[PDB]
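**Student:** Output the structure for:
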Amino acid sequence: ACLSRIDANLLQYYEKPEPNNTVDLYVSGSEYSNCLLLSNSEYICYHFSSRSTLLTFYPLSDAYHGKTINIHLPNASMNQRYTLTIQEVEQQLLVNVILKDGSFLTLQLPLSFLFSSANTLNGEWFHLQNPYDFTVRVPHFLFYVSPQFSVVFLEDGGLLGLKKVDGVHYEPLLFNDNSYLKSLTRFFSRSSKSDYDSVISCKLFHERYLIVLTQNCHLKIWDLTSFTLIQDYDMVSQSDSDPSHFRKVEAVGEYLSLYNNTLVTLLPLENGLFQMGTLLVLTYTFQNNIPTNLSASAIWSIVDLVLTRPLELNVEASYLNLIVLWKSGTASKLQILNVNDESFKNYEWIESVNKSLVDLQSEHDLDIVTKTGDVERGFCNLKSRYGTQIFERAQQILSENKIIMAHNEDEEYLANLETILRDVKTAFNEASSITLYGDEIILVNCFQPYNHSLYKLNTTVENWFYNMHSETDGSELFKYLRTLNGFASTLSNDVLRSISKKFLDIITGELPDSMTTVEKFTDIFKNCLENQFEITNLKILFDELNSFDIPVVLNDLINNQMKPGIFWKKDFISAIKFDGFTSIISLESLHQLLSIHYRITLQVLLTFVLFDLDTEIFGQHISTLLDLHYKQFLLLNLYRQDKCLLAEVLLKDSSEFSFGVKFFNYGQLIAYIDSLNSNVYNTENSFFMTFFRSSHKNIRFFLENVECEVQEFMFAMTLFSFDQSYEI
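**Tutor:** Numbers count the residues shown, from 1 in each chain. Shown next is the structure:
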């Protein structure tokens, strides 16, 4: 797994789970969603509701303050989003929709209006029209070709053309079709409800050629200059012709995408065949069938795929990259197929983590930082973790099902909240489509508006974290970390927390500066670790530990991997305007990085308290580690205490980047996150304490912690906002 999941709820920083500026247009979103890039470098998001009666638009980078527009439809489209198109013509979002009754609706939404303050729209923003009689021959798939031309596909198998004459009116330009004549055979009827070989996927090539995939996996190719069938390939007769079962595709889906002149097709054989040939003159020419790597019966469905230029992966041998998004219920799966050479015979499947760190930690009880105790403490914890949209949706689902909080301390209630919050989140996050943000950034758009998931290329350390129980090989540092985790994972959360606390105490002076390091470690051991682990695992750890050249591995970990770089500014595109998307993606990414750092740092420190490692030789490292652990803890604490505030103080930290950042590739993003890491490990503390004062409970830990004349007064005013305060 070379990628990780960063979840972004665009409204997370704000209390209102809905933008104040919402406008409802009416014509006389949890079933489809996508992003589209416009002339102004902005991304517009859209959602088509469950019923296909509501279309919703909102600006990716300004979801809260920007305008979301709800367009209400008189009736549903004939066949969901498959009978809907959206393209930017000339400074306008042109939206066409064949509705159930047969009407062909046109929407014209000025680009200005999408980014304006206005709650009104002038002029003819919609046109109804009846060009063909769809009562007899029902269509199911609408494909945009040009501002004036686009074709319609029918359930019975026929294609209709639709040519725009003036600006509004459309007329049927029919294609020659003799496919129907197979009716003459005893094996097909015109009247039969089966037998239809309708189009399930379609792409436009070089403006002229229209490549269609049928339910029987035929690739037919139509020349729009001729309006004639040029090609007809049977995709299946190439590989092992299974007489047992080829699943004729029973719905429109994303079964092919082309890049330059290459073309991948998804054929169903246990839901596992990516054919890919080349187009050239028109001729399609096979190269190879690349199966899938999927088990647990193979019960994943394609959501979206996107063939594109290669990524920066751990294998330089690359020619093309296919991004693939599977789904199985509300669980998703993102993979990248890397093809090595121009022969499509050498390739490699690259997997990713399909749950975010925050979620994994919550599921697997690996969260040491989140404050425990009170029932309302858990309330703040969950509220802050999930965001208002989800938290309130969950509290909505509770009262509907008649689950009502008995008293302040109803633990039986909170228990229920945990589950509903998790489910609501999971639902909201159901995957719908892929967007290539920037040049190469893999973005997934979810069923619930304002919910997106970015898939982020892992750094070295992140790869180690996300592949402990895997990496066959690995460097010395990896093996070392794996063995440290091998021991630390046997300890319980309470023990680990008490140890973390003690490491804070060394910095705070609660473990007096008067003590020697050996004495503080002895204190820690006796109070926290003695009798709290299996001696067998200690022996295992000691043995494994003796294979490593510790000073070298620790050197590489501290001075290369974890302690980030001095920058001479390495182009983190300065944002002119606040970009809420990059803001939350940055903060979540930072949080993942520092959480991983935290766990590593704590495991190493642990090894320093357990074994007789010369407290003088490693004195530097130990103090660096205790310095780093501490900073880690602080940040992570602030993160779950008040994300909005953390973001605000962390972006008003960098002067030239006060408003935010833009990143168009994975290198720029990684470099920015690292940059913030540097900020954390190195003026910040003061700016943030100041902004804060102008998170009450945390600053106690962090006025006992982070304070250790100025710190004294801070402790006073903080402890006042009483005996301790007055005394100090």
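**Student:** Pull the contacting residues for residue 249.
**Tutor:** By C-beta atoms under 8 Å, 6 or more residues apart in numbering, the contact set of residue 249 is 200, 215, 217, 255, 268. To be clear about C-beta, it is placed using only N, CA and C from the backbone, and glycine gets the same treatment.
**Student:** Just put those residues in JSON lines and tack on neighbour count.
**Tutor:** Below are the contacts of residue 249 laid out as JSON lines (neighbours: other C-beta atoms under 10 Å):
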{"residue": "200", "neighbour count": "25"}
{"residue": "215", "neighbour count": "17"}
{"residue": "217", "neighbour count": "26"}
{"residue": "255", "neighbour count": "19"}
{"residue": "268", "neighbour count": "18"}
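**Student:** between these, which is closest to residue 63?
**Tutor:** Taking C-beta to C-beta as the measure, residue 255 is the one of the contacts of residue 249 closest to residue 63, at 31.6 Å.
**Student:** Can you name the residues that contact the closest one?
**Tutor:** 200, 201, 213, 249, 265, 266, 302.
**Student:** Look up how far residue 352 lies from it.
**Tutor:** For residue 255, the distance to residue 352 equals 22 Å [C-beta to C-beta, to the nearest Å].
**Student:** With residue 70 instead?
**Tutor:** From residue 70 to residue 352 the distance is 33 Å (C-beta to C-beta).
**Student:** cool, residue 311 as well?
**Tutor:** 12 Å.
**Student:** Mutual contacts of the two, please.
**Tutor:** In contact with both residue 311 and residue 352: residue 336, using C-beta under 8 Å, 6+ apart.
**Student:** Settle this for me: residue 597 is touching residue 630, isn't it.
**Tutor:** No: counting by C-beta atoms under 8 Å, residue 597 stays clear of residue 630, with 11.8 Å between them.
**Student:** The closest residue to residue 273 other than its chain neighbours - how many residues pack around it?
**Tutor:** Of all residues beyond its chain neighbours, the one nearest residue 273 is residue 267 (4.0 Å), with distances taken as C-beta to C-beta, 6 or more residues apart in numbering. Counted with other C-beta atoms under 10 Å, residues neighbouring residue 267 total 21.
**Student:** Same check on the one 3 residues further on?
**Tutor:** Applying the criterion other C-beta under 10 Å, we find 14 residues in the vicinity of residue 270.
**Student:** same deal with residue 9?
**Tutor:** By other C-beta under 10 Å, neighbour count at residue 9 equals 24.
**Student:** and it, bridged to which residues?
**Tutor:** Bridge pairing for residue 9 (DSSP bridges) gives the partners residue 451.
**Student:** and it, what is it in contact with?
**Tutor:** Per C-beta under 8 Å, 6+ apart, neighbours of residue 9: 387, 389, 390, 428, 450, 451, 584.
**Student:** Now the buried members of those.
**Tutor:** 387, 389, 390, 428, 450, 451, 584 (16 or more other C-beta atoms under 10 Å).
**Student:** quick one on the thing from earlier: strands - which of the contacts of residue 249 land there?
**Tutor:** Judged by DSSP state E, the subset of the contacts of residue 249 located in strands is residue 200.
**Student:** Out of the contacts of residue 249, which is nearest to residue 650?
**Tutor:** Distances from residue 650 to the contacts of residue 249, taken by C-beta to C-beta, are shortest for residue 255, at 43.4 Å.
**Student:** Spatially nearest residue to the residue most central in space within the chain, not counting backbone neighbours?
**Tutor:** Note on the chain: the residue nearest the mean C-alpha position is residue 453, at 1.9 Å, using C-alpha atoms, centre = their mean. Closest residue in space to residue 453, ignoring its immediate chain neighbours: residue 444 at 4.4 Å, by C-beta to C-beta, 6+ apart.
**Student:** Pull up the gap between the one you found and residue 704, please.
**Tutor:** 42 Å.
**Student:** These two - which one has more neighbours?
**Tutor:** Ranked by neighbour count (other C-beta under 10 Å), residue 444 and residue 704 place residue 444 first, with 27 against 17.
**Student:** so who does that one touch?
**Tutor:** Residue 444 touches 325, 332, 334, 431, 432, 433, 434, 435, 452, 453, 454, 455, counting by C-beta under 8 Å, 6+ apart.
**Student:** repeat that for 10 Å
**Tutor:** Residue 444 sits next to 5, 7-8, 33, 35, 303-304, 323, 325, 332, 334, 429-435, 451-455 when contact means C-beta atoms under 10 Å, 6 or more residues apart in numbering.
**Student:** host element of it?
**Tutor:** Element membership for residue 444, per DSSP states H and E: strand 441-446.
**Student:** list the buried ones in that strand?
**Tutor:** Per 16+ other C-beta under 10 Å, strand 441-446 contains these buried residues: 441, 442, 443, 444, 445, 446.
**Student:** The first one and residue 666 touch, don't they?
**Tutor:** What it means is residue 441. Yes: counting by C-beta atoms under 10 Å, residue 441 touches residue 666, with 6.9 Å between them.
**Student:** Need the residues touching each of these two.
**Tutor:** 456, 457.
**Student:** what's the closest non-adjacent residue to residue 213?
**Tutor:** residue 201 (4.1 Å).
**Student:** I'd say the one you found and residue 141 touch.
**Tutor:** Yes: the criterion here is C-beta under 10 Å, and residue 201 meets it with residue 141 at 8.8 Å.
**Student:** any residues in contact with both of the two?
**Tutor:** Shared contacts of residue 201 and residue 141, defined by C-beta under 10 Å, 6+ apart, are found at 212, 252.
**Student:** tell me how far stretch 390-410 is from the chain's mean position?
**Tutor:** Between the centre of stretch 390-410 and the centre of its chain there are 28 Å (C-alpha atoms, centre = their mean, to the nearest Å).
**Student:** oh sorry, the question was meant for stretch 535-550
**Tutor:** Offset of stretch 535-550 from its chain centre (C-alpha atoms, centre = their mean): 38 Å.
**Student:** Name the residues that touch that stretch?
**Tutor:** With C-beta under 10 Å, 6+ apart as the criterion, stretch 535-550 contacts 476-477, 479-480, 482-484, 486-491, 529, 533-534, 554-555, 604, 606-607, 610-611, 613, 617-618, 621.
**Student:** rerun at 6 Å
**Tutor:** With C-beta atoms under 6 Å, 6 or more residues apart in numbering as the test, stretch 535-550 has contacts from 480, 483, 487, 490.
**Student:** And stretch 144-154, by the same measure?
**Tutor:** Stretch 144-154 is contacted from outside by 85, 87, 89, 137, 139, 141-143, 159-164, 199, 204, using C-beta under 6 Å, 6+ apart.
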